[PDB]
Structures are given as C-alpha cells and as structure tokens.
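Engineer: What follows is a structure written as structure tokens; I'll ask about it next.
Bear in mind that the values in this text are calculations on the coordinates, not laboratory data. All Cβ positions, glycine included, derive from the backbone under ideal geometry; neighbour counts span all protein chains shown.
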Amino acid sequence: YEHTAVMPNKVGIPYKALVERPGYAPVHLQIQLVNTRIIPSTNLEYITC
Amino acid sequence: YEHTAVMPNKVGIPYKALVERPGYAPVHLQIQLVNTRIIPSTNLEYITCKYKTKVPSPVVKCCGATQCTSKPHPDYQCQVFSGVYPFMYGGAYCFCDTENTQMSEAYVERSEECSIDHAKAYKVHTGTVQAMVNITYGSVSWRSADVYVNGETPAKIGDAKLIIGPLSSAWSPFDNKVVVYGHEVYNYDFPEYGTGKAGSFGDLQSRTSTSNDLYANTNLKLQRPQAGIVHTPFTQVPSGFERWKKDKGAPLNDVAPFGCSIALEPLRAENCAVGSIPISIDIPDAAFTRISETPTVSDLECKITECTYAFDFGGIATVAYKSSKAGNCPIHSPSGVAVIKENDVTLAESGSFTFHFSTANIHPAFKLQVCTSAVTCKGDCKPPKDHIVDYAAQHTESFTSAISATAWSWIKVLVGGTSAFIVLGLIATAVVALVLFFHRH
Ligand SMILES: *[C@@H]1O[C@H](CO)[C@@H](O)[C@H](O)[C@H]1NC(C)=O
C-alpha cells in the first residue's frame, strides 16, 4: 500500500503518520532523516600553491 | 413452504433471501448458480476437409486410340490425349509416331487428414437450457444438483423441491449455422450441401467422415502430358479448407457476448450472464422453528464503522443488541442497497456483533433484518483505491447510488428554486386578478 505525503526537510525531527488502508487497521509510519547531503558536480580547474 | 422469487442470471454471485413462514421464524435461504449452460439442438449438415486428388495410371495405347467413359467418382476427369510419343528408361514406349494415345484419369477423394483435421458444419436450433445450483437453508449445509431451466421439471436438493423458471431472455450466441473446427465454434454461413464452390470452404463436402458419397467441386482440369513423358499433369484450385483455415478469423469463443464460454461436448454456451431466472423452492417443514421457540432480539442499533463502495465487501458495521435465550439468529438485508456477507450470527443476552457488506451507494441506507426484528443502518462510503479489479462486483449499482448528499442538496435547491419561483408568479397573477375583480365590485 503506497502512502504519499510531504515531510519537512529537517534532520533529527521524525515525520509521523498513520497509514490508513481501506478495510484494515491503520499502520503507524515514522520516517526520520539521519542526514541530508547536497553533492554538486565539480571540475578541478587548477591547483595553486 | 414454497418460496417464489426472481434471481439474476449471474454465475458465482449468490442469491440470498429470508423464507418468512407465518407462525415460524424466518429461515435464511441462499441459492448460488454453479454454472449455466445453453445447449442448442444441433444437426450435422456435412463434414469439410482438405481434398486429395487420386490419379490412376494413365492408359498408353500404342498404334491406336482409346475413349473416355464416365465413372461415379467425385469431380472425375477423363481426357484422351492423341499423338503422344512417350519415352522411358527402356527407350521409346510406342512404335507409331502419331496414331498413339494416352488416356489420363483423375478424381477427388478425402485426404487421410480428414479423419482428424476437418470442420463440422452444424444446423443450430433452440434447445434445452440447464444449470447447476448450490443451495443452503437453515442448518442444512450446501447441496447441489443439475437442474433444467424450464420452469416445469422440479429437482430434489437436500429434501427441498426446487423449480427453476425459464430464462427471461431467449438470447443464444449461436446463429442458425455454425462451423465446429477443433475446439472452436464459428458463426459461418456455410454453403448448403451440393452447392459448394471451388476454392471456398465448401469445395469438399461429405455427409459424414465415413460417408461413401463425397461431393467435390474443384476446377480439376487434366493437362496434356509433356512431350515424351508418361505422367498425368493437372491443374486444380487450391483447397478451400486450407484457405478457410487461414481466413477463418475470430472464433465465437473469442467474440461471444456476455462472457459466454463455448464447449463442444455437447455444443453449448456456458455461464452467459443474460437476464434473470424465476425460481420456486419448497423448504422442508422441519427447517422452521416457531417464533416463541427462537430468541427475541430488541434494542437494536446499527453503526457503520467503515465503508467503501468497492466491488468486494468493503463495508463493515457494528450492531448493538439485546436478546433473550441468547441463541443463533439469521441476518439479512432485504433491500438491494447492500449485500451482507454473513448469513447468521450468535447472539448473547446483550452485546454487539459485526457484519460485512458490499454496496455501490455513496450514502448507504438499508434495513437489516435480524431474526424476528429489524434495524436501519446509515453511513457514508469512500471511493475505492483500485481502478481495476480481477473479480466481479458483489453488488448491483442503481441510478441514485452515485448521488451524494451534496448533489441531492443542489437538486433540491434547483428544483425547489424553479418550482417556488414559478409558483410565485402564478400566485401573484391570481392575487392581482382577484384584486381587479374587487375593484369592479
Ligand atoms: C457450494 O458452495 C460451497 C461453499 O463452501 C462449496 O464448498 C461447494 O463446493 C459448492 N458446491 C459445488 C457443487 O461446487
């Protein structure tokens, strides 16, 4: 059963929801981000020293 | 006690009802069709298959001539070719160079494959309709028997005498002419026996696969043998059976409406969901219990806790109750709004029980009958999640099933608004007309 939602982009703050499937008891869902990493693409132009 | 009703002609969907016998508690009745078979009356017209051309040894008459005679063979051909000078491994066969004649003969016969690879052309007329039913009543478990859907022949199922009426529709998927090839049936208007044309399906026709009288209509033409060669060349239109097998098209098994399944032994259409079936079942008297002998149910309150108008039993409801004797109690919803999954429940002195139901209505409102009592259930239902399901719906959708309370409010506002606005004009006209009358008087 697919559950779709929007959670805030916060680390350490868990997102809580009840997965309500018709005819079945709700299943508690908890999604928490441990870390988020933005990894850009880099090209070395030159080295200075 | 005889119970008469009409159930839909739907295979796999059970028909549920309560048998209400005055003086006795209602007995729950459930009838389910196991299969439905339309068995038309068929008459084999002829058998068609690929032809085989039999060519006897030609008569090579050296220094003379011979004459062809007719023979009782299918598509028999005989032609005398004069002026032949055949050669063989041993040299020139004949001495004379011109007064020399070859008589060629050829005829059509059934191929060996015709014993296995052939099509049967049948004339189809109306015939017997049969069905198999699965029935329960009271405490008696499932019983089944094969019955005739004609409304005259009764069947004894678990000591109950069942009469199944004729189908409300005489529709049948077979035309007046069908061609049976292998496991497939084709609604093909085959040519009558003796009128088949070369290159078409009926080019070869036989009354039976073992018949000694074969009709063959091919353009079998004897050609002149090549110079110096002893052979019987001929030209013939390619077999119309092989041509048909390429062009036979879609069989009735693939295009029959209403999901009919076609079977060949005997030829029949199965599980056609067409119309409804009147029924009459006589429930044994021993199955009925007096009112005073059954538990009395009161203080009923029905709460729908979940509901989706899905094809399955997407609804769940809780019924609170109080009853004496704390016995078993039939449960049924006579209204078509919702179909109840449970047939009966066990009741205590007081408590509640739950049941499941299927409904197409966005706001279900149905009467639930509880042995000797009844309660009204109301609620709201959510749309289903699955767009496509692999099973047929357990409920019947009505015209007003989709109308929500919001839509009903708008309908009442629109209808009430226009009606009230028109009525105002009519009243205003009548009032002013009366005022003018009193102006004169
Ligand atoms: C009748 O329905 C019951 C349901 O439990 C099933 O076990 C039984 O096989 C059915 N009858 C036939 C003939 O299939």
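Engineer: Taking B:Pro72 as meeting all but one of (1) away from the ligand (no atom under 16 Å from the Cβ); (2) in contact (Cβ under 8 Å) with a residue 12 or more places away in the chain; (3) on the phi < 0 side of the Ramachandran plot, write down the number of the exception.
Structural biologist: All conditions pass for B:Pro72, except number (2).
Engineer: Limited to the stretch B:126-173, what total is found for residues that are more than 16 Å from the ligand (Cβ to nearest atom), assigned to a loop (DSSP other than H, G, I, E, B) and among the hydroxyl-bearing types (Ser, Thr, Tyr)?
Structural biologist: Of the residues in the stretch B:126-173, 4 are more than 16 Å from the ligand (Cβ to nearest atom), assigned to a loop (DSSP other than H, G, I, E, B) and among the hydroxyl-bearing types (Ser, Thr, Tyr).
Engineer: Collect the residues in the stretch B:115-137 that are more than 26 Å from the chain's Cα centre (by Cα) and surrounded by fewer than 21 Cβ atoms within 10 Å (Cβ to Cβ), keeping them in residue-number order.
Structural biologist: Within the stretch B:115-137, B:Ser115, B:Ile116, B:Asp117 qualify.
Engineer: Here's a follow-up. Which of the residues belonging to the stretch B:220-230 are part of a loop (DSSP other than H, G, I, E, B) and surrounded by fewer than 17 Cβ atoms within 10 Å (Cβ to Cβ)?
Structural biologist: Residues satisfying the conditions are B:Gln223, B:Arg224, B:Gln226, B:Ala227, B:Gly228, B:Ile229, B:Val230.
Engineer: I would also like to ask the following. Checking the conditions here, which among B:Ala348, B:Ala320, B:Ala338 is away from chain A (no Cβ under 14 Å), without any contact (Cβ under 8 Å) to a residue 60 or more places away in the chain and either surrounded by 21 or more Cβ atoms within 10 Å (Cβ to Cβ) or aromatic (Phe, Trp, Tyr) (or both)?
Structural biologist: Just one listed residue meets the conditions, B:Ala338.
Engineer: Another one. Those residues that are within 16 Å of the ligand (Cβ to nearest atom) and surrounded by fewer than 18 Cβ atoms within 10 Å (Cβ to Cβ), I need them from the stretch B:33-52; list them, please.
Structural biologist: Correct list: B:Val34, B:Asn35.
Engineer: Pairs, please: C-beta under 6 Å, at least 6 apart or cross-chain, first residue touching a residue at least 24 places away in the same chain (Cβ under 8 Å) and within 14 Å of another protein chain (Cβ to nearest Cβ) and in the stretch B:296-309, second basic (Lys, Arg) and part of a strand (DSSP E or B)?
Structural biologist: B:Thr308/B:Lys382
Engineer: Could you list all residues from the stretch B:231-285 that are over 20 Å from the mean Cα position of the chain (by Cα), in contact (Cβ under 8 Å) with a residue 12 or more places away in the chain and not in a loop (DSSP other than H, G, I, E, B)?
Structural biologist: B:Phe234, B:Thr235, B:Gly240, B:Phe241, B:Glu242, B:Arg243, B:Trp244, B:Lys245, B:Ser280, B:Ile281, B:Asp282, B:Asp285
Residue-wise test of (1) among the aliphatic types (A, V, I, L, M); (2) closer than 27 Å to B:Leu162 by Cα.
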site	(1), (2)
B:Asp282	no, yes
B:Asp285	no, yes
B:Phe288	no, yes
B:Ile291	yes, yes
B:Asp299	no, no
B:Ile316	yes, no
B:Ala348	yes, no
B:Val370	yes, yes
B:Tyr391	no, no
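Engineer: Tell me, yes or no, whether the stretch B:195-212 has at least one residue that is of a type in the set (S, T, N, Q) and within 16 Å of the ligand (Cβ to nearest atom).
Structural biologist: The answer is no, given that none of the residues of the stretch B:195-212 is of a type in the set (S, T, N, Q) and within 16 Å of the ligand (Cβ to nearest atom).
Engineer: Of B:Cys377, B:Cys371, B:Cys381, which residue is within 14 Å of chain A (Cβ to nearest Cβ), touching a strand residue (DSSP E or B) at 6+ places or on another chain (Cβ under 6 Å) and hydrophobic (A, V, I, L, M, F, W, C)?
Structural biologist: Residue meeting the stated conditions: B:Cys381.
Engineer: Moving on. Would you point out the residue of the stretch B:6-32, among those that are part of a strand (DSSP E or B) and surrounded by fewer than 16 Cβ atoms within 10 Å (Cβ to Cβ), that is nearest to the ligand (Cβ to nearest atom)?
Structural biologist: Here the residue is B:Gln30.
Engineer: Determine whether B:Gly151 is surrounded by fewer than 19 Cβ atoms within 10 Å (Cβ to Cβ), at positive phi and not aromatic (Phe, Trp, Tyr).
Structural biologist: So B:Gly151 passes the test.
Engineer: What is the one condition in (1) within 14 Å of chain A (Cβ to nearest Cβ); (2) surrounded by 12 or more Cβ atoms within 10 Å (Cβ to Cβ) that B:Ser401 does not satisfy?
Structural biologist: (1)
Engineer: Also, quick follow-up: Return only the number of the condition from (1) over 21 Å from A:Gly23 (Cα atoms); (2) within 14 Å of chain A (Cβ to nearest Cβ); (3) not hydroxyl-bearing (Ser, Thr, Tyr) that B:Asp282 does not satisfy.
Structural biologist: All conditions pass for B:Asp282, except number (2).
Engineer: A further question on this structure: What's the total number of residues in the stretch B:192-217 that are under 31 Å from the mean Cα position of the chain (by Cα) and crowded, with 21+ Cβ neighbours inside 10 Å?
Structural biologist: Residues meeting the conditions: 4.
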